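Undergrad:
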Amino acid sequence: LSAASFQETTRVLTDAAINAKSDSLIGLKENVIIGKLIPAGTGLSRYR
DNA sequence: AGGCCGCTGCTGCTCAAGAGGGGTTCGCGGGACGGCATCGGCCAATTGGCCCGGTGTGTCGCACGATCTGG
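Numbering (the entry's author numbering), first residue to last: 1204 to 1251.
So, in structure tokens, the structure goes:
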């Protein structure tokens, strides 16, 4: 997801489709894209 | 003379023209049917008038009369 949103979307998507890659949503960009709490600052589970 | 190991040039991807025939729609009307909507009566029913008939208790309109403050 992050690689596709950076640049060269077509190549990244056609490479990820063949390998059947699974995204675990650990970064900041993916959490921003799907619309949930980023895993930093006040979005950590230690504080909430 | 074929196979193969590199070079080297080239290219590509990405960031800034009528006519006939037939089933179907809808669109007007067109009226028929059934239905619910609108108008003289109407009497004896709860509330609320509207009073008789007793006093009393308590406000108000005024008489006798004492105390007190000012004049």
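C-beta: ideal position from N, C-alpha, C; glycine also.
I need the DSSP call for residue 1220, collapsed to helix, strand or coil.
TA: Residue 1220 falls in the helix class under three-state DSSP.
Undergrad: Per DSSP, what kind of secondary structure is residue 1247 in: helix, strand or coil?
TA: The answer is coil: DSSP assigns residue 1247 none of H, G, I, E or B.
Undergrad: Within a Cβ cutoff of 8 Å, which residues of the same chain sit near residue 1233, ignoring the five residues on either side of it in sequence?
TA: If we look at residue 1233 and ignore the five residues flanking it on each side, its Cβ neighbours are 1204, 1205, 1226.
Undergrad: Along the chain, where does the alpha helix (DSSP H) that runs through residue 1208 open and close?
TA: Here the alpha helix (DSSP H) through residue 1208 covers 1205-1209.
Undergrad: Could you have a look at residue 1232 and say whether DSSP puts it in helix, strand or coil?
TA: Helix at residue 1232.
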